[PDB]
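Undergrad:
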Amino acid sequence: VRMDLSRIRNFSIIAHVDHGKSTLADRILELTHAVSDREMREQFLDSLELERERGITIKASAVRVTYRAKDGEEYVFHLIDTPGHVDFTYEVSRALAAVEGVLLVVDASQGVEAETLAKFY
RNA sequence: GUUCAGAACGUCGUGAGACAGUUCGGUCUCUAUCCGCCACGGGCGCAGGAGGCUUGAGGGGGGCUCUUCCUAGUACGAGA
Ligand SMILES: Nc1nc2c(ncn2[C@@H]2O[C@H](COP(=O)(O)OP(=O)(O)CP(=O)(O)O)[C@@H](O)[C@H]2O)c(=O)[nH]1
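Shown next, in the form of structure tokens:
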């Protein structure tokens, strides 16, 4: 994106089990994409469709934004945040201490849990 | 089916013959009367003569099951 040196960042939205770790970065980001009747449907992000059995997303790869800032940094920051629940963390940890910071909304129902403490460690 | 003659082995029986030992083909009788019943009645009553309507103790009857897909995939459940 021509965005030479400077800018960019590292943020991730990690949380406990079943928390819609694929809600925030779903769409309608103004960036314009995923449509034509073939929208990324519920739980986009490639995946494999096979997970349709229960939308049990394995990992979160790719999915980067571009423009959306009221005339600012434009777009400089990752967007990878594998979901799950202590089922791939360790193995997928490779992405844990990869991008600084990690977003994630607490479940209004179950709420915070273990995955929260361990996820912070 | 075995529980009658056949014959059959097998086998006991000195044999005649037999065996809850099996096997193989071995005649099944049916014009209703009372009660009983499904109706269908014929009489008479039910008490000014009729005709049409009906309400109904009383009996019946059938008196069903499940999947799917609901809300919401939420309470809880660490997920499942
Ligand atoms: N009623 C309701 N449903 C929500 C809410 N947020 C997310 N969801 C629903 O719950 C589903 C799961 O949320 P989401 O975290 O994005 O998916 P996931 O839990 O990460 C499944 P995986 O971990 O495999 O990616 C979503 O399909 C979405 O429809 C909410 O605030 N209210």
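Per the entry's author numbering: the first sequence = residues 2 to 122.
Note that CB positions come from ideal geometry on N, CA and C, so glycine has one too.
Closer than 7 angstroms by C-beta to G102: which residues in its own chain qualify, once you throw out the five before and the five after it? Chain order, please.
TA: Within the first sequence, the letter at position 101 stands for residue 102. Cβ neighbours of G102 beyond the five flanking positions: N11, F12 and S13.
Undergrad: Taking the straight line between their C-alpha atoms, what separation do you get for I9 and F78?
TA: Stepping through the first sequence from its first residue, residue 9 is reached at position 8. Stepping through the first sequence from its first residue, residue 78 is reached at position 77. Distance between the alpha carbons of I9 and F78 is about 4 angstroms.
Undergrad: Using DSSP with H/G/I as helix, E/B as strand and the rest coil, what is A26?
TA: To locate residue 26, count along the first sequence from 1; it is residue 25. Helix, per DSSP.
Undergrad: Can you give the beta carbon distance from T67 to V2, rounded, assuming they're within the 8 angstroms contact cut?
TA: Numbered from 1 along the first sequence, position 66 holds the residue referred to as residue 67. Numbered from 1 along the first sequence, position 1 holds the residue referred to as residue 2. Their Cβ separation, rounded to whole angstroms, is 6 angstroms, which keeps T67 and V2 in contact under 8 angstroms.
Undergrad: CB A61 to CB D82, shorter than 7 angstroms?
TA: Mapped onto the first sequence, residue 61 falls at position 60. Mapped onto the first sequence, residue 82 falls at position 81. In contact: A61 and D82 (Cβ atoms closer than 7 angstroms).
Undergrad: If you measure from the CB of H17, is any heavy atom of ligand 1 nearer than 6 angstroms?
TA: Here residue 17 is taken as the residue at index 16 of the first sequence, counted from 1. Not so, every heavy atom of ligand 1 lies at least 6 angstroms from the Cβ.
Undergrad: Considering only heavy atoms of ligand 1, does any lie closer than 6 angstroms to the CB of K22?
TA: Position 21 of the first sequence holds residue 22. The answer is yes for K22.
Undergrad: Say the cut is 6 angstroms; is the CB of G112 nearer than that to a heavy atom of ligand 1?
TA: Residue numbering aside, residue 112 sits at position 111 when the first sequence is read from its first letter. Checking the Cβ of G112 against ligand 1 gives no.
Undergrad: With contact counted as at least three CB pairs below 8 angstroms, one residue from each stretch, are the stretch 15-28 and the stretch 40-49 in contact?
TA: Touching, yes.
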